[PDB]
Structures are given as C-alpha cells and as structure tokens.
Amino acid sequence: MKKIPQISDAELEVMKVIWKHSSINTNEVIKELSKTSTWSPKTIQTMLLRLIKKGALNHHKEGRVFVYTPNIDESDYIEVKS
DNA sequence: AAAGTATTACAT
DNA sequence: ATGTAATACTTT
C-alpha cells in the first residue's frame, strides 16, 4: 500500500479541511481554504481539479449540490522518514 | 437575474 | 501537482 497522489505543502493543507468535514462542497472548501491560506477562489481550484484529474480526490453531483469525496483513505499522505 | 455553490480548462 | 481563470448549475 503506497500513496497514489504526489503530496506537497499545499496538497496536504486542503485535504485536512476535506477530512475535517465528512466530505466537502465547493462553498465549504473555498470558505475554509480562503480564510486559512492565501489562495483566492481561482487559486484554490487547481488543488481540487488536478488531484481529481490524477486520482487524489473524486467529485460527485449529489442530490442538492456536489460533494468532493476523498478517493484516498489507506494512504492519506504517507510521510516517509529521513 | 443575483448570489452562491459547482465544474472544467489553460498556463506554469 | 500548483497557480490562475472561465463558465455552468442550483437555489433563492
């Protein structure tokens, strides 16, 4: 069992907010990420979109509005030792 | 239509 | 994967 998405500083930071919530919808994601980190609504989206494109996260259009669901669970950033 | 929340593309 | 941008759908 290894890490699928390549984690970084900005990569992990957003995951934390998604994991804080059960899953997350763009308003909760942006609303949180914008207050915590610099990143504007534009800036925020790459960490979501590219991750999804490469398999880190997965989006789903749920009944009301959409939910971004963590496509990773076992890994959830494998911080290797020096 | 406005405001808010969702969705994907382009450039780096 | 990261930063930045554009556009659509949903609810009000």
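Residues numbered from 1 in each chain as written, not as in the entry; some residues may be left out. Chains lettered and ligands numbered in written order. Heavy atoms only, no water.

If you check the header, you'll see the entry was determined by solution NMR.

Enquirer: In this structure, what is going on with the environment of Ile 7? I would like to understand it.
Expert: Mapping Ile 7 onto the fold places it in the segment before α1 (9-20). A relative accessible area of 18% means that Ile 7 is categorised as buried. A sequence separation of 49 residues divides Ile 7 from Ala 56, and the C-alpha atoms of the two residues are 9.2 Å apart. Contacts of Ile 7, omitting those with residues within four sequence positions, involve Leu 12, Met 15 and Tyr 77. (Helix = DSSP H or I, 4+ residues; strand = E, 2+ residues; numbered from the N terminus. Buried < 20%, exposed > 50% of the residue type's maximum accessible area, 1.4 Å probe, protein only. Contact = heavy atoms within 4.5 Å.)

Enquirer: Before we go on, may I ask you to explain the protein's contact with DNA strand C in this structure?
Expert: Around DNA strand C, a shell composed of 17 residues is seen, among which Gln 6, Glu 11, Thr 43, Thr 46 and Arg 50 lie nearest. The share of sugar and phosphate among atoms of DNA strand C within 4 Å of the protein is 59%. Within the contact set of DNA strand C, a phosphate oxygen lies 2.9 Å away from a backbone nitrogen or oxygen of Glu 11. Those elements that place two or more of their residues in the surface near DNA strand C are α1 and α3 (41-54). (Near = heavy atom within 4 Å. Polar contact = N/O pair within 3.5 Å; in protein donor to acceptor, adjacent residues only side chain to side chain.)

Enquirer: What's the story with the pairing of strand β2 (residues 67-70) in this structure? I'm lost.
Expert: Two faces, one strand: in a regular strand the side chains alternate between the faces of the sheet. Relative to β2, strand β1 (residues 57-60) is paired through four bridges, and the arrangement is antiparallel. In the sheet register, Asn 58 faces β2, and the bridge partner there is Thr 69. Hairpin connection of β1 to β2: six residues between the antiparallel strands. (Pairing = 2+ DSSP bridges.)

Enquirer: How should the UniProt feature "DNA-binding region" in chain A be read in this particular structure?
Expert: The residues that UniProt annotates with the feature "DNA-binding region" are residues 6-70. Measuring from the first to the last C-alpha atom of residues 6-70 gives 14 Å, for a span that is 57% helix and 12% strand. (UniProt positions renumbered as here; feature names shortened; annotations may be inferred.)

Enquirer: Is there a simple way to think about the protein's contact with DNA strand B in this case?
Expert: Around DNA strand B sit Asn 25, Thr 26, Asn 27, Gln 45, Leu 49, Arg 50, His 59, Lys 61, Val 65, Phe 66 and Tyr 68, and that is every residue in its neighbourhood. Backbone atoms, meaning sugar plus phosphate, form 53% of the atoms of DNA strand B positioned within 4 Å of the protein. Between DNA strand B and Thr 26, the relevant distance is 2.6 Å, taken from a phosphate oxygen to a main-chain nitrogen or oxygen of the residue. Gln 45 places a polar side-chain atom, nitrogen or oxygen, 2.9 Å from a base oxygen of DNA strand B. Secondary structure elements with two or more residues in the surface near DNA strand B: α2 (26-36) and α3.

Enquirer: Can you walk me through unusual backbone geometry in this structure?
Expert: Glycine aside, the phi torsion of most residues is negative, and most peptide linkages are trans. The backbone phi angle of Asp 76 is positive, close to 50°, even though this residue is not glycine. Judged by its relative accessible area of 25%, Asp 76 falls in the partly exposed class. Of note, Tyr 77 is a non-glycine position whose phi angle comes to about 65°, a positive value. Topologically, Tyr 77 is positioned in the segment after β2.

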